[PDB]
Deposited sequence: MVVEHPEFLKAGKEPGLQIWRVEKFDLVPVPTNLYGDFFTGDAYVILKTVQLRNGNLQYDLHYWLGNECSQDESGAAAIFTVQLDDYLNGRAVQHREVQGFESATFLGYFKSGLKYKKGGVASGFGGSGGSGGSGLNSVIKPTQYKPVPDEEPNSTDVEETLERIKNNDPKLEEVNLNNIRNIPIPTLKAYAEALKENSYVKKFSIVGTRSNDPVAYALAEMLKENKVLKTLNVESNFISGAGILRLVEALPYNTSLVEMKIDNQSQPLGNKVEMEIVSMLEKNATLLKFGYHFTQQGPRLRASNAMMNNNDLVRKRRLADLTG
């Protein structure tokens, strides 16, 4: 887009010559009695405004790079040139001029010939091995008891990477969560969970009104198990994250399709952790989540008293 700057305002307003120097990421005017005396350690921006019959002005933008100027100075000169052109409705013709190789036109701007002098303003520029974590110390039995007791102090349940949780214990977790009022996050990554676990979790999502986050990554849930989970989504308006990636087997093209169809029938889920294989559903999913997330933005704008 087009940008303002006190010097832009002054640019090309009449026929003549204007010289600015790049000084610490700003465009600074050169005193008119120093015109044509270029610091070889610096970078400059020159605008030649020529007048023509229309009353309209002709514009030629030159950025001059001294041999010892720093990368921030030549980059800024270049960018400021583009910005100045844009501000001038794109009508300037841009010229790169390097010390010792300046164009005849540019050299011609300087009646007495341009000079070089040494120096200038200073640049504006200013392990691990194998999993070293103590294991998940979460107590499976105790925690299940708390979810059953509807324990107010229990909001986060992380059973990640815990060895030998019976499948009936995980199914029990899902059953207890049906009536629990306090657990907002539940994850069971890499606990060897399979379809029975996912089926029970699916039923639970139809009833539970509090769970925000569900993570079942890195288990052995099939496409059928994953499908059943998302088939619960239209009966759910509280879950916002479902992470399902890295199951032991690819879900299958047909399933990916049935899945995005369900994602389009829920306006609440904001994140779906799954890398789609087919591009059709991949983009449908990305768009569905983007749609649902924009609903958050809009109600955040409306609840803004107006």
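Q: Against the full deposited sequence, which stretches does the structure leave out?
A: Missing from the model is only the stretch 127 to 144.
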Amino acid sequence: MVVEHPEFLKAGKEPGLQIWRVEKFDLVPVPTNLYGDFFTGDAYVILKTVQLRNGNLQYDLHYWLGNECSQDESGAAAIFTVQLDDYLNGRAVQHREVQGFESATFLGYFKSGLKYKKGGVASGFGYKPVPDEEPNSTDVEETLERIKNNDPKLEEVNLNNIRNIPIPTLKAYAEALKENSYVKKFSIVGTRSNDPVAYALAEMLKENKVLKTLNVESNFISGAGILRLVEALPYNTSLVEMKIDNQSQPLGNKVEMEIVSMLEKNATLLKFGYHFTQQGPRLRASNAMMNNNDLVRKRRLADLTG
From here on, numbers count along this sequence of modelled residues.
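Q: Comparing 254 to 262 with 238 to 246, which has the greater mean CA B-factor as deposited?
A: Of 238 to 246 and 254 to 262, the stretch with the higher C-alpha B-factor average is 254 to 262.
Q: Highest mean C-alpha temperature factor of the two stretches 166 to 174 and 116 to 124, which is it?
A: For C-alpha atoms only, the mean B-factor is higher in 166 to 174.
Q: Which of these, 66, 273, 280, 29, has its C-alpha atom at the highest B-factor, as the entry lists it?
A: Among 66, 273, 280, 29, the highest C-alpha B-factor in the entry belongs to 280.
Q: Just grab whichever of 207, 97, 72, 85 has the top CA B-factor as deposited.
A: Largest recorded C-alpha B-factor: 207.
Q: Divide the modelled residues of the chain into thirds by Cα B-factor and specify which third, lowest, middle or highest, holds residue 9.
A: CA B-factor rank for residue 9: highest third.
Q: Could you tell me which third, lowest, middle or highest, the C-alpha B-factor of residue 139 occupies within its chain?
A: Tercile = highest for this residue's CA B-factor.
Q: Which third of the chain holds residue 130 when residues are ordered by C-alpha B factor: lowest, middle or highest?
A: Ranked within chain, residue 130 CA B lands in the highest tercile.
Q: Quick check for you: using the entry's CA B-factors within this chain, is residue 297 in the lowest, middle or highest third?
A: For residue 297, whose C-alpha B-factor we compare with every modelled residue in the chain, the answer is the middle third.
Q: Looking at the C-alpha B-factor of residue 34, is it in the lowest, middle or highest third of its chain?
A: Its C-alpha B-factor, which the entry lists for residue 34, ranks in the lowest third among residues of this chain.
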